[PDB]
Amino acid sequence: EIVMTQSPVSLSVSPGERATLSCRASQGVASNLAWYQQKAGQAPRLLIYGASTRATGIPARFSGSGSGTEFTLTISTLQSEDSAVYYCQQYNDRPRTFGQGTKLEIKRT
Amino acid sequence: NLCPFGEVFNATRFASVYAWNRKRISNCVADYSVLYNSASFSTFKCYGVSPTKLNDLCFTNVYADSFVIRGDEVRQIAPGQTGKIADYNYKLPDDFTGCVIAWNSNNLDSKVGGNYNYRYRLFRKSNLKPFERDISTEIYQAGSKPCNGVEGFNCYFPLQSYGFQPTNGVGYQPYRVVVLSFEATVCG
Amino acid sequence: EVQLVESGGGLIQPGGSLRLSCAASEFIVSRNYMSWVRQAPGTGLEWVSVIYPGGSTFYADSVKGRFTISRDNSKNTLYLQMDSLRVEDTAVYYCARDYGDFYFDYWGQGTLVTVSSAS
C-alpha cells in the first residue's frame with residue numbers, strides 16, 4: 001500500500017508566516033489526496049479533498065495543492081487556533097492509508 | 001453471414017459503465033477464435049465454457065455488453081463481486097454463462113488534462129440486480145431533508161466522473177470492457 | 001444538526017468481544033458510506049472498515065476476519081462487531097461518514113478501546 005511521508009514532522013511557525021506542509025507517496029495518486037486537521041482532543045476535521053478543494057466552513061487560508069506524487073498544504077495566516085496535527089491520506093488504492101501527521105505549532109513570547 | 005463483432009470491439013466511442021451499452025447478436029455465424037487469438041486484450045477469461053471449445057457451440061441469442069471502466073476494477077466484472085461498479089453500475093449473476101473481454105484504451109479514451117466523459121454511479125440506494133441498467137440522475141438523498149433536485153450538503157449527484165490521464169498508472173487508465181452473455185440461431 | 005455519537009467502547013478482555021455503536025443524526029446510516037477509523041498512539045491514524053449504501057463490507061488486512069461492520073436499519077446506528085481482540089487494537093475508534101469510498105467527510109467524537117489484562 002501507499003506509504004505517505006509528511007516530511008516536516010514537526011514545524012514551529014511564528015503567528016503568520018505562511019506555513020507549508022507536504023507529504024509524498026510511494027505510488028501515484030492523481031489528484032487523489034485528502035488533508036485532515038486533528039486538534040487536541042478532537043476528531044480530525046477534513047480540510048481539503050481531492051488535493052485542491054476546501055470542503056465546508058474551511059476558509060481560504062488553507063491552500064492545498066500538488067498532484068501525482070508530490071503534495072503541499074499551505075496554511076496562510078496562522079492564528080493560535082491552527083496548532084494541530086495535519087494528516088494526509090490517499091484515495092486511489094484500497095486501503096486508504098493516512099500519513100504520519102505533521103504537528104504544527106504556533107510561537108508566542 | 002458473420003456476426004458483427006467489428007463495431008462492438010472497434011467502436012469509436014463506448015458508453016459509460018452506469019449506462020452500459022447492450023447489443024443483441026442474433027441470426028448469424030460467430031467466430032470466437034478471431035477474438036481469442038488477437039492478443040490485443042489484457043483480460044480474457046471465460047466462465048461456464050472454455051474459450052477454445054465455445055466456437056463449436058450454439059445459442060439462441062447472445063448479448064454483447066460494452067462499457068469503459070478504470071483498469072483497477074476489471075476484477076469486479078466477475079460472478080460474485082462487490083464494489084461500486086459491481087453493485088451500482090453493472091452486476092453479473094452468480095450462474096453466469098458468458099464471458100468478459102477487457103483491453104487497455106489509454107491511447108484512445110484518455111486525453112491530456114482529463115477525459116471526463118466516462119462516469120460511474122457512485123451513490124445508489126441498493127445493490128443492482130444482475131443485468132440491470134440505471135440512468136436516473138435524481139439527486140441522491142444522503143440525509144433526511146427534501147433536496148428537491150438541487151444539490152448541497154447531503155444532496156449529491158449520484159454520478160462520479162472518471163478522471164483519465166495518459167501519465168497516471170496502468171490500473172488508473174481507461175479499460176474498455178466487452179461482456180458477452182449466452183442464453184438456436186447463433187452458432188459457430 | 002450533524003452528530004455522530006459513538007458508544008460501546010471501553011475495557012474488554014484480550015480475546016473478548018465488543019459491539020460498538022455510532023448513533024447518527026440528519027443523515028441515515030443505511031444509505032451513506034459509513035466507515036470506522038482507529039487512531040492508535042505510537043502508530044498512525046489507520047482505517048479499519050467501510051460499509052456501502054445497502055452495499056457491502058470491506059476491511060483492512062490487519063482486521064479482516066475478526067472484525068465485522070453491521071449497521072442497523074430501524075434507527076441510524078452503525079455497529080462494529082469486534083471479536084477475538086488482540087492488544088494491538090488499543091485505539092480510539094471513530095465512526096466516519098464518507099463521501100463515496102473516498103474521504104471521511106465528517107467524524108464522530110470517537111470512543112477508546114483498551115484491550116489488556118487489568119481491571
# chains A, B, ... in the order shown; residues from 1 in each chain; ligands from 1
>>> residues_around(residues="residue 89 of chain B", least_positions_apart="3", cutoff="7 Å", atoms="only C-alpha atoms", output="number ranges by chain")
B: 17-18, 84-86, 120-121
>>> select_by_dssp(residues="segment 2-102 of chain A", states="strand (DSSP E)", output="JSON, numbers by chain")
{"A": [5, 6, 10, 11, 12, 13, 19, 20, 21, 22, 23, 24, 25, 26, 27, 28, 29, 33, 34, 35, 36, 37, 38, 45, 46, 47, 48, 49, 53, 54, 65, 66, 67, 68, 69, 70, 71, 72, 73, 74, 75, 84, 85, 86, 87, 88, 89, 90, 102]}
>>> closest_atom_pairs(of="chain B", to="chain A", cutoff="9 Å", atoms="only C-alpha atoms", output="JSON lines")
{"residue": "B:72", "atom": "CA", "partner": "A:93", "partner_atom": "CA", "distance": 8.7}
{"residue": "B:153", "atom": "CA", "partner": "A:56", "partner_atom": "CA", "distance": 8.9}
{"residue": "B:163", "atom": "CA", "partner": "A:30", "partner_atom": "CA", "distance": 8.6}
{"residue": "B:165", "atom": "CA", "partner": "A:30", "partner_atom": "CA", "distance": 8.5}
{"residue": "B:168", "atom": "CA", "partner": "A:30", "partner_atom": "CA", "distance": 6.5}
{"residue": "B:169", "atom": "CA", "partner": "A:28", "partner_atom": "CA", "distance": 6.8}
{"residue": "B:172", "atom": "CA", "partner": "A:92", "partner_atom": "CA", "distance": 8.5}
>>> write_last_selection(atoms="N, CA and C atoms", output="PDB file, in the first residue's frame")
ATOM      1  N   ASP B  72      -8.400  -0.767 -12.668  1.00  0.00           N
ATOM      2  CA  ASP B  72      -8.267  -1.482 -11.406  1.00  0.00           C
ATOM      3  C   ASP B  72      -9.437  -2.425 -11.169  1.00  0.00           C
ATOM      4  N   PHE B 153     -25.373  20.273   0.834  1.00  0.00           N
ATOM      5  CA  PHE B 153     -24.962  19.349   1.875  1.00  0.00           C
ATOM      6  C   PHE B 153     -25.947  18.192   1.950  1.00  0.00           C
ATOM      7  N   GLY B 163     -11.662  10.159 -14.049  1.00  0.00           N
ATOM      8  CA  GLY B 163     -10.604  11.055 -14.467  1.00  0.00           C
ATOM      9  C   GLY B 163      -9.470  10.297 -15.116  1.00  0.00           C
ATOM     10  N   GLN B 165      -6.013  10.026 -17.483  1.00  0.00           N
ATOM     11  CA  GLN B 165      -4.799  10.731 -17.860  1.00  0.00           C
ATOM     12  C   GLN B 165      -3.882   9.797 -18.628  1.00  0.00           C
ATOM     13  N   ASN B 168      -0.840   8.836 -15.720  1.00  0.00           N
ATOM     14  CA  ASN B 168      -1.065   8.104 -14.487  1.00  0.00           C
ATOM     15  C   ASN B 168      -0.866   6.601 -14.697  1.00  0.00           C
ATOM     16  N   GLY B 169      -1.150   5.836 -13.646  1.00  0.00           N
ATOM     17  CA  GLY B 169      -0.763   4.439 -13.624  1.00  0.00           C
ATOM     18  C   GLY B 169      -1.606   3.585 -14.547  1.00  0.00           C
ATOM     19  N   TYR B 172      -5.052   2.848 -13.511  1.00  0.00           N
ATOM     20  CA  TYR B 172      -5.857   4.055 -13.435  1.00  0.00           C
ATOM     21  C   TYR B 172      -6.137   4.582 -14.835  1.00  0.00           C
TER      22      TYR B 172
END
>>> closest_residue(among="B:78, B:68, B:101, B:159", to="chain C", atoms="only C-alpha atoms")
B:159
>>> closest_atom_pairs(of="chain C", to="chain B", cutoff="10 Å", atoms="only C-alpha atoms", output="tab-separated table")
residue	atom	partner	partner_atom	distance
C:2	CA	B:143	CA	9.9
C:25	CA	B:143	CA	8.7
C:26	CA	B:143	CA	5.6
C:27	CA	B:143	CA	3.7
C:28	CA	B:143	CA	5.7
C:29	CA	B:142	CA	8.8
C:30	CA	B:125	CA	8.6
C:31	CA	B:125	CA	5.9
C:32	CA	B:142	CA	5.9
C:33	CA	B:123	CA	8.7
C:52	CA	B:84	CA	8.6
C:53	CA	B:125	CA	6.0
C:54	CA	B:126	CA	5.2
C:55	CA	B:127	CA	5.9
C:56	CA	B:82	CA	6.7
C:57	CA	B:82	CA	8.8
C:58	CA	B:83	CA	9.2
C:99	CA	B:123	CA	9.0
C:100	CA	B:122	CA	6.3
C:101	CA	B:84	CA	8.8
>>> write_last_selection(atoms="N, CA, C and O atoms", output="short mmCIF file (atom, residue, chain, number, x, y, z; two decimals), in the first residue's frame")
data_model
loop_
_atom_site.label_atom_id
_atom_site.label_comp_id
_atom_site.auth_asym_id
_atom_site.auth_seq_id
_atom_site.Cartn_x
_atom_site.Cartn_y
_atom_site.Cartn_z
N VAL C 2 -25.70 18.03 12.80
CA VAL C 2 -24.96 16.87 12.32
C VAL C 2 -24.18 16.28 13.49
O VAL C 2 -23.26 16.92 14.01
N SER C 25 -27.23 11.38 13.22
CA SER C 25 -28.33 12.32 13.11
C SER C 25 -28.19 13.07 11.80
O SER C 25 -27.07 13.30 11.32
N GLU C 26 -29.34 13.34 11.17
CA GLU C 26 -29.54 14.18 9.99
C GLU C 26 -29.01 13.53 8.71
O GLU C 26 -29.27 14.02 7.61
N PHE C 27 -28.33 12.40 8.82
CA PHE C 27 -28.13 11.53 7.67
C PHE C 27 -28.29 10.09 8.10
O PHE C 27 -27.86 9.70 9.19
N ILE C 28 -28.91 9.31 7.24
CA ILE C 28 -29.24 7.93 7.56
C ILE C 28 -28.01 7.08 7.31
O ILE C 28 -27.34 7.23 6.28
N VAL C 29 -27.67 6.22 8.28
CA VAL C 29 -26.53 5.32 8.14
C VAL C 29 -26.75 4.36 6.98
O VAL C 29 -25.82 4.06 6.22
N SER C 30 -27.99 3.91 6.79
CA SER C 30 -28.32 2.84 5.86
C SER C 30 -28.09 3.21 4.40
O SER C 30 -28.02 2.31 3.56
N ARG C 31 -27.94 4.49 4.09
CA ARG C 31 -27.82 4.92 2.71
C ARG C 31 -26.60 5.81 2.49
O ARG C 31 -26.48 6.44 1.44
N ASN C 32 -25.71 5.87 3.47
CA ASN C 32 -24.46 6.60 3.36
C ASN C 32 -23.29 5.64 3.51
O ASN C 32 -23.39 4.61 4.17
N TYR C 33 -22.18 6.00 2.88
CA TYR C 33 -20.94 5.25 3.01
C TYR C 33 -20.38 5.51 4.39
O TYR C 33 -19.78 6.57 4.62
N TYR C 52 -21.01 0.15 2.47
CA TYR C 52 -21.60 0.89 1.36
C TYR C 52 -23.09 1.08 1.60
O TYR C 52 -23.66 0.46 2.49
N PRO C 53 -23.75 1.98 0.83
CA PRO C 53 -25.21 2.11 0.96
C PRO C 53 -25.95 0.85 0.58
O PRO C 53 -26.02 0.47 -0.59
N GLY C 54 -26.49 0.18 1.59
CA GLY C 54 -27.01 -1.17 1.46
C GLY C 54 -25.84 -2.12 1.32
O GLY C 54 -25.45 -2.79 2.28
N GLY C 55 -25.28 -2.14 0.11
CA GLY C 55 -23.92 -2.49 -0.22
C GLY C 55 -23.20 -3.60 0.50
O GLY C 55 -23.77 -4.64 0.82
N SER C 56 -21.94 -3.34 0.82
CA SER C 56 -21.05 -4.43 1.17
C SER C 56 -20.02 -3.98 2.18
O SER C 56 -19.91 -2.79 2.48
N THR C 57 -19.27 -4.93 2.72
CA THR C 57 -18.38 -4.68 3.84
C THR C 57 -16.96 -4.96 3.38
O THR C 57 -16.68 -6.03 2.85
N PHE C 58 -16.07 -4.00 3.60
CA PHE C 58 -14.66 -4.15 3.26
C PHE C 58 -13.81 -3.80 4.47
O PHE C 58 -14.11 -2.86 5.20
N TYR C 99 -17.85 10.45 1.80
CA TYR C 99 -18.39 10.82 0.51
C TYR C 99 -17.74 9.86 -0.48
O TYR C 99 -16.53 9.89 -0.67
N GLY C 100 -18.55 8.99 -1.07
CA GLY C 100 -18.03 7.89 -1.85
C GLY C 100 -17.33 6.93 -0.91
O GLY C 100 -17.56 6.92 0.28
N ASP C 101 -16.40 6.16 -1.44
CA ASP C 101 -15.50 5.40 -0.59
C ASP C 101 -14.17 6.15 -0.70
O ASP C 101 -13.09 5.60 -0.95
#
>>> interface_residues(of="chain A", to="chain C", cutoff="12 Å", atoms="only C-alpha atoms", output="PyMOL selection string")
chain A and resi 1+3-6+32-51+54-56+85-102
>>> select_by_dssp(residues="segment 1-94 of chain C", states="helix (DSSP H, G or I)", output="CSV table (one decimal) with N, CA and C atoms, in the first residue's frame")
chain,number,residue,atom,x,y,z
C,29,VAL,N,-27.7,6.2,8.3
C,29,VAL,CA,-26.5,5.3,8.1
C,29,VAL,C,-26.7,4.4,7.0
C,30,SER,N,-28.0,3.9,6.8
C,30,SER,CA,-28.3,2.8,5.9
C,30,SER,C,-28.1,3.2,4.4
C,31,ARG,N,-27.9,4.5,4.1
C,31,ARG,CA,-27.8,4.9,2.7
C,31,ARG,C,-26.6,5.8,2.5
C,87,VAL,N,-4.1,-7.2,21.6
C,87,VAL,CA,-3.6,-6.0,22.3
C,87,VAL,C,-3.1,-4.9,21.4
C,88,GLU,N,-3.0,-5.2,20.1
C,88,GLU,CA,-2.6,-4.1,19.1
C,88,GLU,C,-3.9,-3.4,18.6
C,89,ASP,N,-5.0,-3.6,19.2
C,89,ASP,CA,-6.2,-2.8,18.9
C,89,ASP,C,-6.5,-1.8,19.9
>>> atom_distance(atom1="atom CA of residue 113 of chain B", atom2="atom CA of residue 7 of chain A")
28.6 Å
>>> residues_around(residues="residue 106 of chain B", least_positions_apart="4", cutoff="9 Å", atoms="only C-alpha atoms", output="ChimeraX atom specification")
/B:110-111,164-166,170,173-175
>>> write_last_selection(atoms="N, CA and C atoms", output="compact mmCIF listing (two decimals), in the first residue's frame")
# COMPACT_ATOMS: atom_id res chain seq x y z
N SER B 110 -8.25 8.31 -23.13
CA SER B 110 -7.65 9.21 -22.16
C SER B 110 -6.89 10.30 -22.89
N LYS B 111 -7.20 11.55 -22.55
CA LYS B 111 -6.61 12.73 -23.16
C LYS B 111 -5.78 13.48 -22.13
N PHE B 164 -9.30 10.45 -16.42
CA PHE B 164 -8.38 9.63 -17.20
C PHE B 164 -7.23 10.49 -17.71
N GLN B 165 -6.01 10.03 -17.48
CA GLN B 165 -4.80 10.73 -17.86
C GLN B 165 -3.88 9.80 -18.63
N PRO B 166 -3.04 10.33 -19.52
CA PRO B 166 -2.04 9.50 -20.18
C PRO B 166 -0.76 9.32 -19.37
N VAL B 170 -1.13 2.36 -14.76
CA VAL B 170 -1.76 1.43 -15.69
C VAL B 170 -3.14 1.02 -15.19
N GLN B 173 -5.89 3.74 -15.83
CA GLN B 173 -6.06 4.03 -17.25
C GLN B 173 -7.36 3.41 -17.73
N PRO B 174 -8.01 4.01 -18.73
CA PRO B 174 -9.34 3.53 -19.14
C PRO B 174 -9.30 2.19 -19.84
N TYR B 175 -10.00 1.22 -19.28
CA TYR B 175 -10.08 -0.12 -19.85
C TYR B 175 -11.46 -0.29 -20.46
>>> residues_around(residues="residue 148 of chain B", least_positions_apart="4", cutoff="10 Å", atoms="only C-alpha atoms", output="list in words")
residues 138, 139, 141 and 155 of chain B
>>> write_last_selection(atoms="N, CA and C atoms", output="JSON list (two decimals), in the first residue's frame")
[["chain", "number", "residue", "atom", "x", "y", "z"],
["B", 138, "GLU", "N", -31.61, 11.65, -10.58],
["B", 138, "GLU", "CA", -32.23, 12.28, -9.43],
["B", 138, "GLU", "C", -31.17, 12.49, -8.36],
["B", 139, "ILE", "N", -31.28, 13.61, -7.65],
["B", 139, "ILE", "CA", -30.31, 13.98, -6.63],
["B", 139, "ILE", "C", -30.42, 13.01, -5.47],
["B", 141, "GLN", "N", -30.25, 11.18, -1.89],
["B", 141, "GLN", "CA", -30.68, 11.62, -0.57],
["B", 141, "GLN", "C", -29.74, 11.00, 0.46],
["B", 155, "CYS", "N", -26.93, 16.24, -0.35],
["B", 155, "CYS", "CA", -27.72, 16.09, -1.57],
["B", 155, "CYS", "C", -26.72, 16.03, -2.71]]
>>> atom_distance(atom1="atom CA of residue 2 of chain A", atom2="atom CA of residue 23 of chain A")
11.6 Å
>>> closest_residue(among="A:26, A:109, A:20, A:53", to="residue 75 of chain A", atoms="only C-alpha atoms")
A:20
>>> residues_around(residues="residue 71 of chain A", least_positions_apart="6", cutoff="7 Å", atoms="only C-alpha atoms", output="mmCIF file with N, CA, C and O atoms, in the first residue's frame")
data_model
loop_
_atom_site.group_PDB
_atom_site.id
_atom_site.type_symbol
_atom_site.label_atom_id
_atom_site.label_comp_id
_atom_site.auth_asym_id
_atom_site.auth_seq_id
_atom_site.Cartn_x
_atom_site.Cartn_y
_atom_site.Cartn_z
ATOM 1 N N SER A 22 3.916 19.238 3.640
ATOM 2 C CA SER A 22 4.000 18.387 2.463
ATOM 3 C C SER A 22 3.956 16.917 2.848
ATOM 4 O O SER A 22 4.331 16.548 3.959
ATOM 5 N N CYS A 23 3.494 16.082 1.914
ATOM 6 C CA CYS A 23 3.612 14.633 2.047
ATOM 7 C C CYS A 23 3.761 14.008 0.671
ATOM 8 O O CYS A 23 3.038 14.367 -0.257
ATOM 9 N N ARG A 24 4.715 13.095 0.542
ATOM 10 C CA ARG A 24 4.938 12.367 -0.696
ATOM 11 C C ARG A 24 4.320 10.979 -0.601
ATOM 12 O O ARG A 24 3.864 10.549 0.455
ATOM 13 N N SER A 65 -2.296 22.041 -2.514
ATOM 14 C CA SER A 65 -2.071 21.833 -3.939
ATOM 15 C C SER A 65 -1.264 20.568 -4.178
ATOM 16 O O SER A 65 -1.118 19.740 -3.275
#
